[PDB]
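Shown next: work.cif, given as mmCIF, C-alpha atoms.
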```
data_query
loop_
_atom_site.group_PDB
_atom_site.id
_atom_site.type_symbol
_atom_site.label_atom_id
_atom_site.label_comp_id
_atom_site.auth_asym_id
_atom_site.auth_seq_id
_atom_site.Cartn_x
_atom_site.Cartn_y
_atom_site.Cartn_z
ATOM 1 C CA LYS N 438 77.792 38.268 -10.625
ATOM 2 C CA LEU N 439 79.182 40.458 -13.416
ATOM 3 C CA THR N 440 82.756 39.818 -14.535
ATOM 4 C CA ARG N 441 85.184 42.722 -15.028
ATOM 5 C CA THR N 442 82.855 45.139 -13.221
ATOM 6 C CA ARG N 443 83.014 47.321 -10.114
ATOM 7 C CA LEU N 444 79.967 45.672 -8.498
ATOM 8 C CA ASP N 445 79.233 42.014 -7.748
ATOM 9 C CA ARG N 446 76.411 40.038 -6.107
ATOM 10 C CA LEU N 447 73.861 41.792 -8.316
ATOM 11 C CA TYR N 448 70.173 41.143 -7.645
ATOM 12 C CA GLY N 449 67.512 40.616 -10.293
ATOM 13 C CA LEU N 450 67.536 39.397 -13.868
ATOM 14 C CA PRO N 451 69.813 41.305 -16.268
ATOM 15 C CA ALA N 452 68.375 43.116 -19.264
ATOM 16 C CA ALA N 453 70.823 41.423 -21.659
ATOM 17 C CA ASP N 454 69.861 37.719 -21.528
ATOM 18 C CA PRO N 455 66.628 37.333 -19.522
ATOM 19 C CA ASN N 456 65.746 33.960 -21.107
ATOM 20 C CA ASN N 457 68.928 31.826 -20.996
ATOM 21 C CA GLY N 458 67.625 28.826 -22.916
ATOM 22 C CA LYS N 459 63.851 29.238 -22.501
ATOM 23 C CA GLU N 460 61.242 30.635 -24.889
ATOM 24 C CA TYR N 461 57.925 30.479 -22.992
ATOM 25 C CA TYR N 462 57.591 30.396 -19.201
ATOM 26 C CA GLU N 463 54.406 28.342 -19.147
ATOM 27 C CA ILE N 464 52.220 29.094 -16.116
ATOM 28 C CA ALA N 465 49.125 26.928 -15.641
ATOM 29 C CA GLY N 466 46.436 27.905 -13.154
ATOM 30 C CA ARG N 467 42.771 28.554 -12.456
ATOM 31 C CA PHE N 468 41.231 32.012 -12.907
ATOM 32 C CA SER N 469 37.974 33.330 -11.439
ATOM 33 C CA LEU N 470 36.489 36.361 -13.214
ATOM 34 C CA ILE N 471 33.500 37.931 -11.437
ATOM 35 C CA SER N 472 32.696 40.821 -13.776
ATOM 36 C CA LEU N 473 29.929 43.315 -14.519
ATOM 37 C CA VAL N 474 29.011 41.994 -17.969
ATOM 38 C CA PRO N 475 26.772 44.277 -20.072
ATOM 39 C CA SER N 476 23.728 42.104 -20.743
ATOM 40 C CA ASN N 477 20.189 42.708 -19.524
ATOM 41 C CA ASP N 478 18.564 39.266 -19.331
ATOM 42 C CA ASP N 479 16.752 36.753 -21.470
ATOM 43 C CA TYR N 480 14.221 39.610 -21.219
ATOM 44 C CA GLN N 481 14.246 42.700 -23.483
ATOM 45 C CA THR N 482 12.689 40.691 -26.301
ATOM 46 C CA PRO N 483 9.226 40.525 -27.887
ATOM 47 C CA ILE N 484 7.071 38.145 -25.868
ATOM 48 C CA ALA N 485 5.841 36.469 -29.071
ATOM 49 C CA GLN V 51 -22.923 -12.375 -7.192
ATOM 50 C CA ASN V 52 -23.305 -9.341 -9.447
ATOM 51 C CA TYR V 53 -20.471 -6.832 -9.038
ATOM 52 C CA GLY V 54 -19.957 -3.251 -10.116
ATOM 53 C CA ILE V 55 -23.626 -2.288 -10.533
ATOM 54 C CA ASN V 56 -25.311 -0.017 -7.987
ATOM 55 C CA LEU V 57 -28.716 -1.521 -7.241
ATOM 56 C CA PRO V 58 -31.559 -0.685 -4.843
ATOM 57 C CA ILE V 59 -31.421 -2.421 -1.466
ATOM 58 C CA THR V 60 -34.689 -3.453 0.155
ATOM 59 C CA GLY V 61 -35.179 -2.946 3.873
ATOM 60 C CA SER V 62 -37.642 -2.952 6.765
ATOM 61 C CA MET V 63 -38.227 -1.556 10.246
ATOM 62 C CA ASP V 64 -40.632 -4.074 11.845
ATOM 63 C CA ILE V 65 -38.110 -6.954 11.725
ATOM 64 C CA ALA V 66 -35.969 -7.460 14.832
ATOM 65 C CA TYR V 67 -32.377 -6.735 13.798
ATOM 66 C CA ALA V 68 -30.948 -4.924 16.835
ATOM 67 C CA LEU V 77 -12.924 -10.953 17.099
ATOM 68 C CA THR V 78 -10.701 -11.604 14.070
ATOM 69 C CA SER V 79 -9.184 -8.141 13.624
ATOM 70 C CA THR V 80 -5.613 -7.143 12.737
ATOM 71 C CA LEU V 81 -4.248 -4.136 14.629
ATOM 72 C CA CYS V 82 -1.229 -2.065 13.616
ATOM 73 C CA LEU V 83 0.530 0.959 15.105
ATOM 74 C CA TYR V 84 3.044 3.539 13.896
ATOM 75 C CA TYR V 85 5.036 5.515 16.465
ATOM 76 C CA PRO V 86 8.225 7.597 16.305
ATOM 77 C CA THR V 87 11.532 6.308 17.617
ATOM 78 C CA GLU V 88 11.857 8.873 20.420
ATOM 79 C CA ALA V 89 9.167 6.962 22.323
ATOM 80 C CA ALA V 90 11.235 3.777 22.074
ATOM 81 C CA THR V 91 14.355 5.652 23.188
ATOM 82 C CA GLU V 92 12.542 7.223 26.153
ATOM 83 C CA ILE V 93 10.818 4.074 27.440
ATOM 84 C CA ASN V 94 14.294 2.516 27.960
ATOM 85 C CA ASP V 95 12.810 -0.972 27.456
ATOM 86 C CA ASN V 96 12.519 -3.388 24.539
ATOM 87 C CA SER V 97 10.213 -6.071 26.010
ATOM 88 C CA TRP V 98 7.242 -3.677 26.111
ATOM 89 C CA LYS V 99 5.839 -5.235 22.928
ATOM 90 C CA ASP V 100 5.187 -8.487 24.798
ATOM 91 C CA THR V 101 3.356 -6.499 27.481
ATOM 92 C CA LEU V 102 1.227 -4.766 24.842
ATOM 93 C CA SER V 103 0.434 -8.105 23.192
ATOM 94 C CA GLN V 104 -0.604 -9.597 26.540
ATOM 95 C CA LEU V 105 -2.790 -6.580 27.334
ATOM 96 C CA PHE V 106 -4.444 -6.823 23.910
ATOM 97 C CA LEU V 107 -5.052 -10.507 24.653
ATOM 98 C CA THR V 108 -6.707 -9.504 27.934
ATOM 99 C CA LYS V 109 -9.131 -7.192 26.121
ATOM 100 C CA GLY V 110 -9.980 -9.928 23.625
ATOM 101 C CA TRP V 111 -7.966 -9.592 20.515
ATOM 102 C CA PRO V 112 -5.728 -12.496 19.465
ATOM 103 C CA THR V 113 -1.956 -12.127 19.390
ATOM 104 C CA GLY V 114 0.545 -13.041 16.693
ATOM 105 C CA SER V 115 -1.293 -11.018 14.052
ATOM 106 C CA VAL V 116 -0.374 -7.644 15.599
ATOM 107 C CA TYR V 117 2.536 -5.914 13.863
ATOM 108 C CA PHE V 118 4.587 -2.909 14.968
ATOM 109 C CA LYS V 119 6.762 -0.653 12.820
ATOM 110 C CA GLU V 120 8.975 2.323 13.653
ATOM 111 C CA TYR V 121 9.959 5.405 11.668
ATOM 112 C CA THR V 122 13.118 7.405 12.316
ATOM 113 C CA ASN V 123 11.475 10.818 11.911
ATOM 114 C CA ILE V 124 8.161 12.369 10.924
ATOM 115 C CA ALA V 125 9.875 13.442 7.703
ATOM 116 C CA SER V 126 11.081 9.869 7.174
ATOM 117 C CA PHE V 127 7.540 8.613 7.762
ATOM 118 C CA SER V 128 6.236 11.337 5.437
ATOM 119 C CA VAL V 129 7.924 10.004 2.293
ATOM 120 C CA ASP V 130 6.033 7.050 0.759
ATOM 121 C CA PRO V 131 3.957 5.753 3.697
ATOM 122 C CA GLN V 132 3.158 2.039 3.730
ATOM 123 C CA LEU V 133 -0.303 1.025 4.975
ATOM 124 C CA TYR V 134 -1.245 -2.649 4.584
ATOM 125 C CA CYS V 135 -3.403 -3.463 7.605
ATOM 126 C CA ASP V 136 -6.981 -3.603 8.893
ATOM 127 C CA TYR V 137 -7.075 -0.900 11.602
ATOM 128 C CA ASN V 138 -4.384 1.779 11.316
ATOM 129 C CA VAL V 139 -3.775 3.977 14.365
ATOM 130 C CA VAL V 140 -0.793 6.322 14.028
ATOM 131 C CA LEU V 141 0.748 8.450 16.778
ATOM 132 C CA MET V 142 2.056 11.752 15.386
ATOM 133 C CA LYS V 143 4.073 14.102 17.586
ATOM 134 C CA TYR V 144 2.808 17.682 17.731
ATOM 135 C CA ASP V 145 4.944 20.788 17.277
ATOM 136 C CA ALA V 146 4.364 24.530 16.949
ATOM 137 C CA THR V 147 6.734 24.831 13.967
ATOM 138 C CA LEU V 148 5.782 21.907 11.673
ATOM 139 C CA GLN V 149 2.017 22.273 11.297
ATOM 140 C CA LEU V 150 1.993 21.742 7.527
ATOM 141 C CA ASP V 151 3.788 18.390 7.819
ATOM 142 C CA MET V 152 1.150 16.945 10.151
ATOM 143 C CA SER V 153 -1.679 18.488 8.128
ATOM 144 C CA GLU V 154 -0.474 17.045 4.822
ATOM 145 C CA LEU V 155 0.315 13.624 6.306
ATOM 146 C CA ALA V 156 -3.103 13.293 7.938
ATOM 147 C CA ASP V 157 -4.815 14.541 4.778
ATOM 148 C CA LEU V 158 -2.930 12.015 2.640
ATOM 149 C CA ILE V 159 -3.615 9.072 4.974
ATOM 150 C CA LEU V 160 -7.246 10.065 5.630
ATOM 151 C CA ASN V 161 -8.631 10.146 2.067
ATOM 152 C CA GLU V 162 -8.205 7.868 -0.935
ATOM 153 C CA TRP V 163 -6.345 9.412 -3.877
ATOM 154 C CA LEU V 164 -6.623 7.989 -7.389
ATOM 155 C CA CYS V 165 -3.396 9.198 -8.976
ATOM 156 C CA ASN V 166 -1.794 9.292 -12.416
ATOM 157 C CA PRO V 167 1.858 10.005 -13.259
ATOM 158 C CA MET V 168 2.895 13.482 -14.334
ATOM 159 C CA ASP V 169 5.476 14.202 -17.037
ATOM 160 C CA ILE V 170 6.352 17.884 -16.727
ATOM 161 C CA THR V 171 8.937 17.771 -19.533
ATOM 162 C CA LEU V 172 6.601 17.269 -22.517
ATOM 163 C CA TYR V 173 3.166 18.513 -21.386
ATOM 164 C CA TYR V 174 1.147 21.210 -19.627
ATOM 165 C CA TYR V 175 -1.446 20.778 -16.887
ATOM 166 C CA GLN V 176 -4.680 22.266 -15.572
ATOM 167 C CA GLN V 177 -7.414 21.448 -13.072
ATOM 168 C CA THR V 178 -11.022 20.470 -13.726
ATOM 169 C CA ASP V 179 -12.492 19.781 -10.257
ATOM 170 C CA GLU V 180 -12.233 20.802 -6.610
ATOM 171 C CA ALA V 181 -10.638 17.441 -5.726
ATOM 172 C CA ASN V 182 -7.654 18.001 -8.042
ATOM 173 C CA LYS V 183 -4.517 18.335 -5.919
ATOM 174 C CA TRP V 184 -0.867 17.809 -6.816
ATOM 175 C CA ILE V 185 1.192 15.566 -4.526
ATOM 176 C CA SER V 186 5.002 15.603 -4.599
ATOM 177 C CA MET V 187 6.997 12.948 -2.732
ATOM 178 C CA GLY V 188 10.756 12.529 -2.678
ATOM 179 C CA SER V 189 14.014 13.335 -0.934
ATOM 180 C CA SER V 190 14.409 16.859 -2.380
ATOM 181 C CA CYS V 191 11.276 18.342 -3.967
ATOM 182 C CA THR V 192 11.244 21.984 -5.122
ATOM 183 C CA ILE V 193 8.209 22.579 -7.327
ATOM 184 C CA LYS V 194 8.685 25.498 -9.725
ATOM 185 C CA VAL V 195 5.603 26.682 -11.616
ATOM 186 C CA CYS V 196 4.751 29.534 -14.000
ATOM 187 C CA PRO V 197 1.080 30.178 -14.860
ATOM 188 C CA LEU V 198 0.075 30.405 -18.518
ATOM 189 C CA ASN V 199 -3.008 32.248 -19.739
ATOM 190 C CA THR V 200 -5.360 31.048 -22.477
ATOM 191 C CA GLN V 201 -2.879 32.269 -25.124
ATOM 192 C CA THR V 202 -0.183 29.891 -23.769
ATOM 193 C CA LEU V 203 2.279 32.530 -22.565
ATOM 194 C CA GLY V 204 3.797 33.401 -19.213
ATOM 195 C CA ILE V 205 2.394 36.031 -16.852
ATOM 196 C CA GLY V 206 4.879 37.344 -14.311
ATOM 197 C CA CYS V 207 7.426 34.766 -15.518
ATOM 198 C CA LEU V 208 8.905 34.025 -18.939
ATOM 199 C CA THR V 209 8.279 30.565 -20.380
ATOM 200 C CA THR V 210 11.733 30.475 -21.984
ATOM 201 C CA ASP V 211 13.527 30.492 -18.625
ATOM 202 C CA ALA V 212 12.857 28.483 -15.462
ATOM 203 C CA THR V 213 14.702 30.239 -12.613
ATOM 204 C CA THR V 214 12.173 33.100 -12.604
ATOM 205 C CA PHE V 215 9.335 30.761 -11.604
ATOM 206 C CA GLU V 216 7.223 31.369 -8.504
ATOM 207 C CA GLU V 217 8.079 28.428 -6.271
ATOM 208 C CA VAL V 218 5.595 26.712 -3.965
ATOM 209 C CA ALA V 219 8.070 24.447 -2.134
ATOM 210 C CA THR V 220 11.777 24.159 -1.375
ATOM 211 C CA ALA V 221 13.406 20.792 -0.580
ATOM 212 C CA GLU V 222 10.209 19.627 1.121
ATOM 213 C CA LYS V 223 9.948 15.922 1.904
ATOM 214 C CA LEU V 224 6.259 15.997 0.935
ATOM 215 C CA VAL V 225 4.150 18.868 -0.393
ATOM 216 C CA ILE V 226 0.490 18.938 -1.425
ATOM 217 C CA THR V 227 -0.228 21.745 -3.877
ATOM 218 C CA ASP V 228 -3.316 23.144 -5.579
ATOM 219 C CA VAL V 229 -3.435 25.445 -8.596
ATOM 220 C CA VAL V 230 -5.961 27.897 -9.990
ATOM 221 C CA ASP V 231 -8.598 26.180 -12.112
ATOM 222 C CA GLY V 232 -9.038 26.975 -15.788
ATOM 223 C CA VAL V 233 -5.430 27.898 -16.632
ATOM 224 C CA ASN V 234 -2.323 26.061 -17.801
ATOM 225 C CA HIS V 235 0.835 25.785 -15.698
ATOM 226 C CA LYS V 236 4.331 25.069 -16.986
ATOM 227 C CA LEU V 237 6.379 23.066 -14.487
ATOM 228 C CA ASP V 238 10.088 22.395 -14.008
ATOM 229 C CA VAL V 239 11.167 20.076 -11.189
ATOM 230 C CA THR V 240 14.315 18.008 -10.740
ATOM 231 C CA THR V 241 12.749 14.637 -11.584
ATOM 232 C CA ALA V 242 15.959 12.733 -10.772
ATOM 233 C CA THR V 243 14.933 12.432 -7.098
ATOM 234 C CA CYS V 244 11.280 13.491 -6.639
ATOM 235 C CA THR V 245 8.007 12.483 -8.293
ATOM 236 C CA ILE V 246 4.832 14.512 -8.884
ATOM 237 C CA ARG V 247 1.449 12.828 -9.322
ATOM 238 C CA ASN V 248 -1.997 14.126 -10.290
ATOM 239 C CA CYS V 249 -4.498 12.790 -7.753
ATOM 240 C CA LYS V 250 -8.251 13.254 -7.318
ATOM 241 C CA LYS V 251 -9.948 12.969 -3.921
ATOM 242 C CA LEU V 252 -12.449 10.198 -4.636
ATOM 243 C CA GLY V 253 -13.808 9.829 -1.112
ATOM 244 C CA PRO V 254 -13.128 9.348 2.587
ATOM 245 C CA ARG V 255 -10.957 6.585 4.019
ATOM 246 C CA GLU V 256 -11.861 5.103 7.406
ATOM 247 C CA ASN V 257 -9.046 2.527 7.465
ATOM 248 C CA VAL V 258 -6.587 5.040 8.982
ATOM 249 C CA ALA V 259 -7.091 7.206 12.066
ATOM 250 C CA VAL V 260 -4.509 9.609 13.493
ATOM 251 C CA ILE V 261 -4.044 10.426 17.182
ATOM 252 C CA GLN V 262 -2.315 13.773 17.688
ATOM 253 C CA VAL V 263 -0.023 13.080 20.657
ATOM 254 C CA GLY V 264 0.584 16.670 21.698
ATOM 255 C CA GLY V 265 -1.149 19.966 22.372
ATOM 256 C CA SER V 266 -3.102 22.480 20.293
ATOM 257 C CA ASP V 267 -5.102 20.618 17.651
ATOM 258 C CA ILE V 268 -4.585 22.303 14.276
ATOM 259 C CA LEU V 269 -5.419 19.645 11.675
ATOM 260 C CA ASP V 270 -7.330 20.598 8.536
ATOM 261 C CA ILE V 271 -8.459 18.009 5.991
ATOM 262 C CA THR V 272 -10.082 20.233 3.347
ATOM 263 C CA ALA V 273 -8.394 22.233 0.602
ATOM 264 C CA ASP V 274 -11.018 24.988 0.714
ATOM 265 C CA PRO V 275 -10.472 27.579 3.481
ATOM 266 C CA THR V 276 -14.242 27.917 3.991
ATOM 267 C CA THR V 277 -14.561 24.681 5.996
ATOM 268 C CA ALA V 278 -12.017 23.158 8.396
ATOM 269 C CA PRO V 279 -14.015 20.507 10.270
ATOM 270 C CA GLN V 280 -12.800 18.321 13.131
ATOM 271 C CA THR V 281 -13.456 14.712 12.157
ATOM 272 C CA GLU V 282 -14.152 12.025 14.739
ATOM 273 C CA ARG V 283 -11.319 9.786 13.510
ATOM 274 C CA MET V 284 -8.878 12.546 14.553
ATOM 275 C CA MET V 285 -7.979 11.854 18.181
ATOM 276 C CA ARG V 286 -5.915 14.108 20.427
ATOM 277 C CA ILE V 287 -4.615 13.678 23.984
ATOM 278 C CA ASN V 288 -2.007 15.251 26.226
ATOM 279 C CA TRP V 289 1.230 13.423 26.960
ATOM 280 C CA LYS V 290 4.292 13.389 29.178
ATOM 281 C CA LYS V 291 5.214 9.673 29.198
ATOM 282 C CA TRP V 292 4.538 7.255 26.354
ATOM 283 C CA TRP V 293 3.466 4.448 28.696
ATOM 284 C CA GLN V 294 0.512 6.571 29.823
ATOM 285 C CA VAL V 295 -0.429 7.113 26.170
ATOM 286 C CA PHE V 296 -0.245 3.377 25.475
ATOM 287 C CA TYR V 297 -2.339 2.603 28.564
ATOM 288 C CA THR V 298 -4.986 5.112 27.481
ATOM 289 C CA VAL V 299 -5.018 3.675 23.954
ATOM 290 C CA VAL V 300 -5.378 0.068 25.123
ATOM 291 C CA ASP V 301 -8.061 0.941 27.698
ATOM 292 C CA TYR V 302 -10.184 2.722 25.076
ATOM 293 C CA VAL V 303 -9.502 0.165 22.330
ATOM 294 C CA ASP V 304 -13.223 -0.649 22.127
ATOM 295 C CA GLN V 305 -14.102 2.981 21.385
ATOM 296 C CA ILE V 306 -11.355 3.185 18.752
ATOM 297 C CA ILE V 307 -12.630 0.004 17.097
ATOM 298 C CA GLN V 308 -16.227 1.251 17.173
ATOM 299 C CA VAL V 309 -15.441 4.674 15.693
ATOM 300 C CA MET V 310 -13.321 3.020 12.995
ATOM 301 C CA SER V 311 -14.371 0.137 10.744
ATOM 302 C CA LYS V 312 -13.165 -2.181 8.004
ATOM 303 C CA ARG V 313 -11.826 -0.488 4.886
ATOM 304 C CA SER V 314 -14.638 0.506 2.519
ATOM 305 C CA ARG V 315 -12.648 -0.775 -0.477
ATOM 306 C CA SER V 316 -11.647 -4.331 0.564
ATOM 307 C CA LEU V 317 -14.979 -5.846 1.611
ATOM 308 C CA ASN V 318 -14.571 -8.737 -0.911
ATOM 309 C CA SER V 319 -17.814 -7.508 -2.531
ATOM 310 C CA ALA V 320 -16.934 -3.955 -3.652
ATOM 311 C CA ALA V 321 -14.974 -5.034 -6.714
ATOM 312 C CA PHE V 322 -14.269 -2.919 -9.801
ATOM 313 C CA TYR V 323 -14.697 0.260 -7.725
ATOM 314 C CA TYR V 324 -11.008 1.282 -7.888
ATOM 315 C CA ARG V 325 -9.891 -1.435 -5.434
ATOM 316 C CA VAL V 326 -9.954 -5.253 -5.282
#
```
What is this structure when it is put down as structure tokens?
Amino acid sequence: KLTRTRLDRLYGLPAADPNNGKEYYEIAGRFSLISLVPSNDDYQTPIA
Amino acid sequence: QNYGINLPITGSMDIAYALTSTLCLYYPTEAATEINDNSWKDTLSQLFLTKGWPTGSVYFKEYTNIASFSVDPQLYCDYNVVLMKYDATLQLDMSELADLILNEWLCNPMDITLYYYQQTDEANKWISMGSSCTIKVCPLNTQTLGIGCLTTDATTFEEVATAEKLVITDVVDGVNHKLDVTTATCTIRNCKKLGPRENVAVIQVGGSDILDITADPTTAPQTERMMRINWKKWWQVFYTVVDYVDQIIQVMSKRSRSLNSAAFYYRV
């Protein structure tokens, strides 16, 4: 709700004070990364 | 008397020359479940008494499954007769079990973490026993390097088994082989086939006889100690076994390594 305005019941965070007493919004979780890594093998090496 | 020295034995042909046993049986548990009775052992003991062998000394043991019987068999007895169920999908299990229980194997431990290995005779076979055996092997030429598999890695090996309860393996003579097996559950031993064992005979309770006892594909003979009969009910099988007990005793004999005189010959 914005005081002294023509619209109330606003939705979504304002662009003025998006933090309001917090610096980092810590988010802990598990990530799985199945990627196409560029690497041939333990091959591509002199045999000796 | 003198032991451990092979000496000539004198003989003749004009001199006129021409019990206390201990029987044991191994059978799978499905027979016991099907017979629906538990007092049958007393009947078998009485029938053995009728033929002539004393009671009290006869022991019976059961195994949950042919795989359960496969891992570390125990054979301390005088006349071993084992009933092995036949199948059309598990030929190698029966073959390896009969081969292991039919011939004596002088074995040594194998450490595949600090050594290499090679064969030097036609009786050199590798026996793996455990709960989860997966033998992974990469051949090495005379220059000690991998062919078709890199020695540095181990996943690229050419496997010969996968979670097998027991697996007998043979390798090409004259070359080294680097091995990597999960030793935390399964053991690999280097055994040499010294000679035949008559103390154990196997009766294939089933159909098409498929047993081979020789590692070379050239010869696959049918030994006399390998018996085979048809079956629908286990009581018929037991009746046939007890009726022909004399033939089974005649074809078999006392173990050729515990005669109380063959000492210092790898037994007693």
List as an mmCIF file with C-alpha atoms, keeping the file's coordinate frame the protein and nucleic acid residues near residue 483 of chain N, meaning an atom at most 12 Å away when all atoms listed in the file are counted, but skip any in the same chain fewer than 6 places from it.
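The result, stored in result-v4.cif:
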```cif
data_model
loop_
_atom_site.group_PDB
_atom_site.id
_atom_site.type_symbol
_atom_site.label_atom_id
_atom_site.label_comp_id
_atom_site.auth_asym_id
_atom_site.auth_seq_id
_atom_site.Cartn_x
_atom_site.Cartn_y
_atom_site.Cartn_z
ATOM 1 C CA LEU V 203 2.279 32.530 -22.565
ATOM 2 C CA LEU V 208 8.905 34.025 -18.939
ATOM 3 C CA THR V 210 11.733 30.475 -21.984
#
```
Written as a PDB file with C-alpha atoms, keeping the file's coordinate frame, which residues does the PyMOL selection byres ((chain N) within 12 of (chain V)) give for the file shown?
```pdb
ATOM      1  CA  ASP N 478      18.564  39.266 -19.331  1.00  0.00           C
ATOM      2  CA  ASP N 479      16.752  36.753 -21.470  1.00  0.00           C
ATOM      3  CA  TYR N 480      14.221  39.610 -21.219  1.00  0.00           C
ATOM      4  CA  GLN N 481      14.246  42.700 -23.483  1.00  0.00           C
ATOM      5  CA  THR N 482      12.689  40.691 -26.301  1.00  0.00           C
ATOM      6  CA  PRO N 483       9.226  40.525 -27.887  1.00  0.00           C
ATOM      7  CA  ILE N 484       7.071  38.145 -25.868  1.00  0.00           C
ATOM      8  CA  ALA N 485       5.841  36.469 -29.071  1.00  0.00           C
TER       9      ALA N 485
END
```
Interatomic distance, atom CA of residue 139 of chain V to atom CA of residue 247 of chain V (Å, one decimal): 25.8 Å
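Between atom CA of residue 242 of chain V and atom CA of residue 207 of chain V there is a distance of 24.1 Å.
Atom pair atom CA of residue 205 of chain V / atom CA of residue 232 of chain V: separated by 14.6 Å.
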What residues have an atom no more than 8 Å from (14.8, 8.3, 13.1) in the file's own frame, counting only C-alpha atoms, and can you write them as a PDB file with C-alpha atoms, in the frame of the given file?
```pdb
ATOM      1  CA  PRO V  86       8.225   7.597  16.305  1.00  0.00           C
ATOM      2  CA  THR V  87      11.532   6.308  17.617  1.00  0.00           C
ATOM      3  CA  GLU V  88      11.857   8.873  20.420  1.00  0.00           C
ATOM      4  CA  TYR V 121       9.959   5.405  11.668  1.00  0.00           C
ATOM      5  CA  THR V 122      13.118   7.405  12.316  1.00  0.00           C
ATOM      6  CA  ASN V 123      11.475  10.818  11.911  1.00  0.00           C
ATOM      7  CA  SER V 126      11.081   9.869   7.174  1.00  0.00           C
TER       8      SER V 126
END
```
Apply the PyMOL selection byres ((chain V and resi 175) around 10) to the file shown and report the selected residues as a ChimeraX atom specification. /V:168-170,173-174,176-177,197-198,229,232-237,248
Which of V:153, V:272, V:113, V:96 sits closest to residue 181 of chain V [using only C-alpha atoms]: V:272
Test item: residues at most 8 Å from segment 250-260 of chain V, all atoms listed in the file, excluding those fewer than 5 positions along its chain, as a VMD selection string: chain V and resid 136 to 142 156 159 to 165 181 to 183 283 to 285 310 to 314
Quick one: residues within 10 Å of residue 323 of chain V, all atoms listed in the file, excluding same-chain residues fewer than 5 positions away - as JSON, numbers by chain? {"V": [53, 54, 55, 315, 316]}
I'd like the residues picked by the PyMOL selection byres ((chain N and resi 438) around 12) written out as a PyMOL selection string, using the chain letters and numbers from the file. chain N and resi 439-451
Work out where the centre of an axis-aligned box around every listed atom of segment 272-276 of chain V lies and how long its edges are once 6 Å is added on each side; give both in Å to one decimal as JSON.
```
{"center_x": -11.3, "center_y": 24.1, "center_z": 2.3, "size_x": 17.8, "size_y": 19.7, "size_z": 15.4}
```
Within 12 Å of residue 146 of chain V using all atoms listed in the file, minus same-chain residues under 3 positions, as a PyMOL selection string: chain V and resi 143+149-152+264-268
